[PDB]
Amino acid sequence: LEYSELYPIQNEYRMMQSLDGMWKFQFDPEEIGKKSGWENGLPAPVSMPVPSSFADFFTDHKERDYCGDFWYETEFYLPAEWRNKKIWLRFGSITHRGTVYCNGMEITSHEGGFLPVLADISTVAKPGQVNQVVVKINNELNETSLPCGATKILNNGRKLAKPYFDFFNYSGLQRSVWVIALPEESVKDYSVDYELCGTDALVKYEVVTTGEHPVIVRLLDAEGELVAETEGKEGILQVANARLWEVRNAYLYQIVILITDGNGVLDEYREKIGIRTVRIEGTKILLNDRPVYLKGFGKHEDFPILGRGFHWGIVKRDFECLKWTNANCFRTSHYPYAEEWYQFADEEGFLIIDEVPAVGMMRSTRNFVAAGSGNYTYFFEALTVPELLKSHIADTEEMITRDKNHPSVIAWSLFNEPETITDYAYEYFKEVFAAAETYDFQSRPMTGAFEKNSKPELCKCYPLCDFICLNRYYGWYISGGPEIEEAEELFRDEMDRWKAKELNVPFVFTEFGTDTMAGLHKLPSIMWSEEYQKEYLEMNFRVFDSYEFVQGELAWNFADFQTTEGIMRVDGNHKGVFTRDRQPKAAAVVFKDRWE
Amino acid sequence: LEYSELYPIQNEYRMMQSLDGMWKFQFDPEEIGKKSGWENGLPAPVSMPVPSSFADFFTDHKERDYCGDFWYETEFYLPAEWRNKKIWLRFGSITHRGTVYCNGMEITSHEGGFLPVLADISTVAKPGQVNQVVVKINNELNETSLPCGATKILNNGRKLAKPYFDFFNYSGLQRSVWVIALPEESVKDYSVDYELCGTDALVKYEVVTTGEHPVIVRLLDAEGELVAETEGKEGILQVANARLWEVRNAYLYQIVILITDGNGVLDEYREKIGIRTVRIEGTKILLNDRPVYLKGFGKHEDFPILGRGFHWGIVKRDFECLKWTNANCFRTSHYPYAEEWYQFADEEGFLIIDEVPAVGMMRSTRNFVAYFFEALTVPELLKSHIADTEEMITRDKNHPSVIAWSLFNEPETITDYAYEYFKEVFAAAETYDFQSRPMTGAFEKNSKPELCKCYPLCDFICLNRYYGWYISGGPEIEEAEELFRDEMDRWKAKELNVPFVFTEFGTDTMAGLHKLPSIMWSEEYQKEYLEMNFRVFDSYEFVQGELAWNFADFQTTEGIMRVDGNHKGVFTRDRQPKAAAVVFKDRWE
Ligand SMILES: O=C(O)[C@H]1CNC[C@@H](O)[C@@H]1O
Ligand SMILES: O=C(O)[C@H]1CNC[C@@H](O)[C@@H]1O
């Protein structure tokens, strides 16, 4: 990467100033902004909170559902004392793609809506003056970038996003924005990897800087005491009597990376890390050499009004709920979350399966969204797939570079419900997995979540995985309700087929659930009732517990969340175990009791 | 028919005794009841209310969802004085099909779950003693009887009904049961038809009795005063200064039919009727020679716990709600209702489109759940459909409220096979209806104007459309409106010169789901959808009625698309208005 993914810090060498607040915002349905000079200021803006998704503020459909180009603008005073620094705009994300301007000048563009965008404004920044940032953003969906979908043009020319995925197309500036100042020679990246040696541990590391001066690396314990120190851009820190980062029992050291010229220090980067190992051994997931059974949820970045907008309050409530259920794990379904989620998981000892936004790659869904009105003959995969692969690999590189040093991150999920039953899909995913392994200094477990279409007899992609994640809805989409006994039979039949393959890898259920409307009670239960959610879960548990190789269960979903409206979604997806405002349905206690 | 459809009455000649109450009931999953003497009494019964659907009483899934054979039993004391009367068991209905036994003797069987079953127990009845009735009932769904569906067998032998229709498969004894006594020579049927002559009216009639004795027919006004009298099994009653039965302004005369033996009366049948005419003239629906625009709903027989169980309380609340919306009409979607609904509509001046249970006649839905009219079972289905049609029309023809027959809901209609099938149904209906009143059916969107072969059979055309719900809903609602107008422009271009009535349009709407801007499923979207539909309706002169789907939320089969039944109600299942109810009230005022 031609920029650093490192989270920004404030110290003697590095400065940061938040640009969060009310920005100026303007929709550009006619796509006239750039030729009209909007990069120098929006002509008729409204106010827009940052961070937030824009959609749910408005009271009219066309603004909520807006699809196309739209622009953000703000101004900030740059301290004069930042003069002799490399000055960057850092967006937590720009959803889905955008071009950043500063003081009227084009700085950078980015594709991918869920990872940081770094824009080097050093050459146009005006220290000791007010500066301007303008961002052109686009939220259309296509088949050459993630997540996948289509864009429909309505009779009036109005665009409408048509996802191939089951979540609302929230977009905008959904995460915090900073302007930061770095030393001219700085720490750009580092990687740690761990080895356990009895009571001791080794922290292997690499550091990438933007210069040639010597590097010193120190490790401090949770009290700030020096426990190890070495020199060089590559090395090993030896930690006596190491306090390991444990599941639901975190311990964090602080790594301190210094660039020196002998006379003094040029840069200092510090970050909390946790000494822990993760590996797959047969059907076991080993954390610090001991098996762990994953218990938790797929989540979303989703909350009323804010949409995917980041807020520490959502983090705090969600973790309190997670702990109350006795969970130990979540998957970042279906995109990398704001960095703060991982920082907090590190502190709380939660395990994370970190997922790239490779969702929407199922052919039947694509075809369905094309058949709506209307198309049944024209598709061009041969042309788009190579471009999609490039985008997928780029997002993977960005995710892993951003997240690798979190002790919480124990696995990469490289897809959710793609086509996997052709040799072509194998060749596609082989490249993604190869890239992931190359970018991950730890070479930690890699996986993806498979839809039921990936039958054990047909799937060509599970051998790429270190463990296999299954999304299954036996008792919801398949043989629901009065047919639930048949659902259980079908589920056991499938798992018997997996069993007979004797793959000797762990299986984790990454999704299972039922839409459940809080307050819908029925005796006997019906699909959509709270009681049916409980019974469905009990049936699933009986199945899970029948197979030795099943080593985790992440329910879909932690909480009800927003989707595109339609005949199958009653104000979003109601498969939450909690409501959207984070309160438990009856099924939450079922998990609490089982996971205790 | 070899029995009478006439509603039972109590007078000097006719007696009736209710058998409603707690009956004995037993499921028969192994299908051994008739092999094991159950017709002489159930061996291990539980109690079951009659009238009611059985399903929603139980607390376990297997009892609620029971599909197959199941049995009812009760005992009743027959008064000694009923000796030498013709004694009948009269079930308001037996859902879906069944065999009636009395005192251990097989009496009759019936196919069709929404019309009366008459069982002549004259030869086995024991006057002045306790008597027993046992009924074997079956609620499976097939493609040779209505309504249509399939029956799935789960790997353990357990049956599950798989409807091709969007309502829960409620079954059992859902209507009241009577034992009745009739004279040996009795009035079996009669028919009335009306002609308006200025301020006067003619009531044309025919009477069918079970004997050869003379018949006298009288007409009394609402106060019981004699206004007309004539002799003969066929005749005309002349009514001076007739008080017509009017929309939302009923007036009912009483017809009195006497069989005489010269110096005495052998039988008397009495029923309230209303003098009114209905006809289709060009694009207008004429009631008493004046155009009427139909305003109202499709309903169901559906209420919490009772299921389809009849109760006058449901009738009363529903009619109060209908009146509050300023409605004038409902369709008996998708089966004839209990007779009492029509009696009440007659009193309240509501117009009824009376619908036979010919629903589930779809190939798409059939193929998914399981070329509908090309299947070898079809000749049998046709016979069942015609039988139900004959029964419905014979039962309901003399209600002034009944102004049209709906002979199907959403069948396949785009092949010559379908045309030939429906031609037979319509021909039969015409033979049974003394009034030859308008016949129609409700068409699904698949019946494209360019493809449908069956609309020419209809006196007026009923469309079920969901532009803005199943087609281009939500953010695409402007596209939905364009598509709707495109279709209606295609109908307009045919210049058929017939009225169109929208018999369904609606959106699932969860009470209490509010959103600004609206989303599908919200109360606000229901309002916006309706407003869009009205704009379309009002753009076509030939559109002459709108019946919203549905009056109230109602039970369906469980599934991923039904959140505790169907929520397209304008009212909740307990009969309270969503926001959209006011929209109808204001428009229909
Ligand atoms: O249908 C569902 O509820 C889930 C199915 N698997 C993918 C999820 O994004 C989706 O939300
Ligand atoms: O889908 C619906 O809501 C309706 C479609 N037309 C037929 C109705 O029985 C059904 O309930």
Side-chain angles (χ1 to χ4, degrees), chain A residues 55-56 58-67 152-156 158-162 168 372-373 473 476-486 488-490 514-517 519-529 531-532 535 562-572 574, chain B residues 55-56 58-67 152-156 158-162 168-169 466 469-483 507-510 512-522 524-525 528 555-565 567:
Chain A
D56 290 337
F58 298 104
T59 59
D60 63 296
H61 299 103
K62 292 180 190 294
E63 290 186 295
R64 180 194 67 193
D65 295 331
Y66 183 79
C67 181
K152 177 175 182 172
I153 289 63
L154 300 171
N155 292 304
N156 51 17
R158 183 163 74 96
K159 293 176 176 170
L160 175 62
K162 303 290 273 190
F168 185 82
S373 55
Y473 291 94
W476 185 254
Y477 295 124
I478 300 169
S479 294
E483 295 177 327
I484 192 173
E485 293 173 313
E486 177 181 70
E488 182 178 346
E489 294 181 13
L490 292 166
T514 62
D515 283 79
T516 303
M517 200 71 28
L520 180 52
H521 290 290
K522 210 76 77 168
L523 173 64
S525 73
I526 53 164
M527 292 172 72
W528 294 87
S529 70
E531 292 77 17
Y532 188 79
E535 294 164 0
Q562 202 65 236
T563 64
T564 307
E565 58 191 278
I567 66 177
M568 300 205 303
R569 291 286 176 265
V570 183
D571 191 18
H574 282 258
Chain B
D56 289 338
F58 298 105
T59 60
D60 63 299
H61 299 99
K62 291 183 178 182
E63 290 187 292
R64 178 195 67 191
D65 296 331
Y66 185 81
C67 180
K152 177 172 180 173
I153 305 273
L154 300 170
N155 282 333
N156 60 352
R158 183 161 78 93
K159 291 173 178 170
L160 174 60
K162 306 286 288 186
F168 185 83
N169 195 44
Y466 291 95
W469 185 255
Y470 294 125
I471 303 167
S472 296
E476 297 176 328
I477 192 172
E478 293 181 345
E479 177 182 72
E481 185 180 340
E482 287 182 88
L483 291 169
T507 61
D508 285 77
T509 303
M510 305 307 303
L513 179 50
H514 289 292
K515 209 75 78 171
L516 174 65
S518 72
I519 54 167
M520 295 173 69
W521 295 86
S522 70
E524 293 77 18
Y525 188 80
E528 292 161 3
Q555 201 99 133
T556 65
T557 306
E558 285 178 61
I560 64 175
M561 294 191 320
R562 291 286 177 264
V563 185
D564 190 18
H567 282 258

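Hydrogens, waters and symmetry mates are skipped; everything else that's a heavy atom, side chains included, is used. Letters A, B, ... mirror the listed sequences (proteins, then strands); counts begin at 1.
- The distance from the OG1 atom of B:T507 to the CD1 atom of A:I567 is 12.5 Å, given to the nearest 0.5 Å.
- The backbone N or O of B:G559 lies less than 3.5 Å from a partner atom in the side chain of A:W528, making a donor-acceptor pair.
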| task | Take B:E479 and A:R158 through the salt bridge (charged side-chain N to carboxylate O under 4.0 Å, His left out) test and state the conclusion after the steps. | result | CA-CA 11 Å; B:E479 177 182 72; A:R158 183 163 74 96; over 6 Å; no
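- Looking at heavy atoms from C-beta onward, A:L154 lies out of side-chain contact with B:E478 at the 4.5 angstrom threshold.
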| query | Does the side-chain contact (heavy atoms from CB on, under 4.5 Å) test come out yes or no for A:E489 and B:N155, once each step is laid out? | reply | CA-CA 9 Å; A:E489 294 181 13; B:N155 282 333; 2.5 Å; yes
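- When all heavy atoms of B:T59 and A:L523 are compared, the pair lying nearest together is O-CD1, 3.4 Å.
- For the pair B:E558 and A:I526, the tightest heavy-atom approach, listed with the atom from each and the gap, is OE1-CA, 3.3 Å.
- Chain A forms more heavy-atom pairs under 4.5 Å with one residue of B:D65, B:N156, B:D56 than with any other, namely B:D65.
- For A:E535, the part sitting under 4.5 Å from any heavy atom of chain B is the side chain, from C-beta outward, and nothing else.
- A:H61 places no side-chain N or O within 3.5 Å of a backbone atom of B:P475 that could act as its donor or acceptor partner.
- Under the 3.5 Å distance criterion, the side-chain polar atoms of A:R64 are matched with a main-chain donor or acceptor of B:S518.
- Of all the listed residues (A:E63, A:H574, A:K522, A:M517), the one sharing the greatest number of non-hydrogen pairs under 4.5 Å with chain B is A:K522.
- For a residue to count as touching a neighbouring chain, one of its non-hydrogen atoms must lie under 4.5 Å from one of that chain's; by this rule A:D571 touches chain B with backbone and side chain alike.
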